[PDB]
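Asks: The structure under discussion is supplied below as structure tokens; questions concerning it will follow.
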Amino acid sequence: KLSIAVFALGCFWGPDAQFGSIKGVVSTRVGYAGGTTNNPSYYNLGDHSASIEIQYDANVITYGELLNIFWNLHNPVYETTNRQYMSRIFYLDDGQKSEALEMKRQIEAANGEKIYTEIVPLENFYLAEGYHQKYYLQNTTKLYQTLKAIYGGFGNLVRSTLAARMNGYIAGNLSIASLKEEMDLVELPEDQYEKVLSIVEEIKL
């Protein structure tokens, strides 16, 4: 049982890697939300926005902290009508709504500019195609294939915390020292640990 935040802030590969590097974020999935069509997809997006679903442990990280990260990853001071990349916070309850509105106000004061992020109720979130999930890890072949076998398949891997952290590491958002502490948490048999560690070290070089 975990808490959920859904945000939109442009192409979702970067946010997936960024949020997936954060302690308290348990899993991430990218997808589409904000539109009015059912079952959108990459080449049939309708009016939906590229979005990220963050499953987080509220005992470890707060919604307010996630909002702070959201507004540090982009600076939405422009009014656009490009639905696919629009800055949006999809709130799941009135607590999230009020926290979002308050922080938006604090930002607009501290830095002087109007923020155009739309704070709207979450309707439906639609998972994106598999090739979009954990995009950087998925395209780091040896590490990806090694981890996928350890986790028992694609679905199990992309839903895991370790894949979220590994994707962040590849993107440059997590240190190798932090990554190694995350690997320790999973309690792999020592030969799997050493196999993964060797690929990860060889990537840092």
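Order determines the names: the first chain of the structure tokens is A, the second B, and so forth; residues in each chain are numbered 1 upward, and ligands are numbered 1 upward as they are shown.
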Residues of region 92-204 of chain A that have any atom at most 9 Å from an atom of region 41-58 of chain A: could you tabulate them with the shortest-distance atom pair and the distance in Å to one decimal, using only C-alpha atoms, ordered by chain and increasing number, as a Markdown table?
Replies:
| residue | atom | partner | partner_atom | distance |
| --- | --- | --- | --- | --- |
| A:125 | CA | A:53 | CA | 8.1 |
| A:126 | CA | A:41 | CA | 8.4 |
| A:127 | CA | A:41 | CA | 8.6 |
| A:128 | CA | A:41 | CA | 6.6 |
| A:129 | CA | A:41 | CA | 7.3 |
Asks: Those selected residues, please, written with C-alpha atoms and delivered as a tab-separated table (two decimals), in the first residue's frame.
Replies:
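So the final result, stored in part-v4.tsv, reads:
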chain	number	residue	atom	x	y	z
A	125	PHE	CA	-3.75	7.34	-16.42
A	126	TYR	CA	-2.80	5.09	-19.35
A	127	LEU	CA	0.49	3.17	-19.28
A	128	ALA	CA	2.89	3.92	-22.16
A	129	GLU	CA	4.42	1.31	-24.49
Asks: Neighbouring residues of residue 137 (chain A) were defined as those with any atom within 9 Å, considering only C-alpha atoms; residues of the same chain fewer than 4 positions away were excluded. Please report them as a PyMOL selection string.
Replies: chain A and resi 133+141+143-144+163-164+166-171
Asks: Need to verify the contact set: residue 98 (chain A), 12 Å, only C-alpha atoms, exclusion of same-chain residues closer than 6 positions in sequence. Can you return it as a PyMOL selection string?
Replies: chain A and resi 63-64+67+89-92+104-105+119-121
Asks: As an MDAnalysis selection string, please: every residue in region 11-74 of chain A that DSSP puts in alpha helix (DSSP H).
Replies: chainID A and resid 13:19 63:73
Asks: Quick one: write out the picked residues with N, CA and C atoms as a JSON list (two decimals), in the first residue's frame?
Replies:
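Final output, out-v3.json:
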[["chain", "number", "residue", "atom", "x", "y", "z"],
["A", 13, "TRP", "N", 11.07, 10.67, -20.34],
["A", 13, "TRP", "CA", 12.25, 9.82, -20.08],
["A", 13, "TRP", "C", 13.11, 10.43, -18.98],
["A", 14, "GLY", "N", 13.32, 11.74, -19.07],
["A", 14, "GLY", "CA", 14.13, 12.43, -18.08],
["A", 14, "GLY", "C", 13.51, 12.36, -16.70],
["A", 15, "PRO", "N", 12.24, 12.76, -16.56],
["A", 15, "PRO", "CA", 11.56, 12.66, -15.27],
["A", 15, "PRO", "C", 11.57, 11.25, -14.68],
["A", 16, "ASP", "N", 11.38, 10.22, -15.51],
["A", 16, "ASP", "CA", 11.45, 8.84, -15.04],
["A", 16, "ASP", "C", 12.80, 8.60, -14.35],
["A", 17, "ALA", "N", 13.89, 8.98, -15.01],
["A", 17, "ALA", "CA", 15.23, 8.78, -14.47],
["A", 17, "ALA", "C", 15.48, 9.66, -13.23],
["A", 18, "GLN", "N", 14.94, 10.88, -13.26],
["A", 18, "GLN", "CA", 15.15, 11.82, -12.15],
["A", 18, "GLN", "C", 14.39, 11.39, -10.89],
["A", 19, "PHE", "N", 13.09, 11.15, -11.02],
["A", 19, "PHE", "CA", 12.30, 10.73, -9.87],
["A", 19, "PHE", "C", 12.69, 9.35, -9.41],
["A", 63, "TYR", "N", 4.64, 14.45, -0.38],
["A", 63, "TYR", "CA", 4.18, 15.03, -1.64],
["A", 63, "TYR", "C", 4.83, 16.39, -1.89],
["A", 64, "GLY", "N", 4.94, 17.20, -0.84],
["A", 64, "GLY", "CA", 5.62, 18.48, -0.95],
["A", 64, "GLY", "C", 7.04, 18.37, -1.49],
["A", 65, "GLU", "N", 7.79, 17.38, -1.02],
["A", 65, "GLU", "CA", 9.13, 17.15, -1.56],
["A", 65, "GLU", "C", 9.10, 16.77, -3.05],
["A", 66, "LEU", "N", 8.10, 16.00, -3.47],
["A", 66, "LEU", "CA", 7.99, 15.61, -4.88],
["A", 66, "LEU", "C", 7.66, 16.82, -5.73],
["A", 67, "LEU", "N", 6.80, 17.70, -5.21],
["A", 67, "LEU", "CA", 6.45, 18.92, -5.93],
["A", 67, "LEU", "C", 7.67, 19.81, -6.11],
["A", 68, "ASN", "N", 8.52, 19.85, -5.09],
["A", 68, "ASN", "CA", 9.75, 20.65, -5.16],
["A", 68, "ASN", "C", 10.66, 20.13, -6.26],
["A", 69, "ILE", "N", 10.78, 18.81, -6.36],
["A", 69, "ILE", "CA", 11.56, 18.19, -7.44],
["A", 69, "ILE", "C", 10.93, 18.51, -8.80],
["A", 70, "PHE", "N", 9.62, 18.35, -8.91],
["A", 70, "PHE", "CA", 8.89, 18.65, -10.14],
["A", 70, "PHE", "C", 9.22, 20.06, -10.67],
["A", 71, "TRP", "N", 9.14, 21.05, -9.79],
["A", 71, "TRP", "CA", 9.42, 22.43, -10.21],
["A", 71, "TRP", "C", 10.90, 22.79, -10.29],
["A", 72, "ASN", "N", 11.77, 21.87, -9.90],
["A", 72, "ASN", "CA", 13.20, 22.05, -10.12],
["A", 72, "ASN", "C", 13.69, 21.36, -11.40],
["A", 73, "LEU", "N", 12.83, 20.55, -12.01],
["A", 73, "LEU", "CA", 13.19, 19.82, -13.23],
["A", 73, "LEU", "C", 12.80, 20.59, -14.49]]
Asks: Check the smallest atom-to-atom distance from each of A:83, A:88, A:142, A:148 to residue 122 (chain A) using only C-alpha atoms, then report the winner.
Replies: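 Checking each candidate against residue 122 (chain A), we get A:88 as the closest.
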Asks: Just how far from CA of residue 161 (chain A) is CA of residue 5 (chain A), in Å to one decimal?
Replies: 15.8 Å
Asks: Quick one: residues within 9 Å of region 181-190 of chain A, only C-alpha atoms, excluding same-chain residues fewer than 3 positions away - as a ChimeraX atom specification?
Replies: /A:150,161-162,165,176-178,193-197
Asks: Can you work out which one of A:205, A:9, A:25, A:158 has the shortest atom-to-atom distance to residue 118 (chain A), counting only C-alpha atoms?
Replies: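 Closest to residue 118 (chain A) of all the choices is A:9.
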Asks: Check the DSSP output for the backbone and give back, as a PyMOL selection string, the residues of region 41-205 of chain A in strand (DSSP E).
Replies: chain A and resi 49-56+88-91+118-121+125-127
Asks: For the residues selected in the previous step, produce a file with C-alpha atoms as a compact mmCIF listing (two decimals), in the first residue's frame.
Replies:
# COMPACT_ATOMS: atom_id res chain seq x y z
CA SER A 49 0.06 14.77 -21.93
CA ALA A 50 3.23 12.70 -21.53
CA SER A 51 3.07 11.90 -17.84
CA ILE A 52 4.78 10.04 -15.02
CA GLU A 53 3.17 8.00 -12.25
CA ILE A 54 5.29 8.00 -9.07
CA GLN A 55 4.58 5.43 -6.39
CA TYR A 56 6.12 6.73 -3.20
CA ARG A 88 0.51 19.64 -15.22
CA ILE A 89 -0.05 18.26 -11.76
CA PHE A 90 -2.83 15.70 -11.61
CA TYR A 91 -4.04 15.64 -8.02
CA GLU A 118 -2.22 23.43 -14.58
CA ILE A 119 -3.31 21.82 -11.31
CA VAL A 120 -6.14 19.49 -12.30
CA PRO A 121 -7.93 16.40 -10.94
CA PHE A 125 -3.75 7.34 -16.42
CA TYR A 126 -2.80 5.09 -19.35
CA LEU A 127 0.49 3.17 -19.28
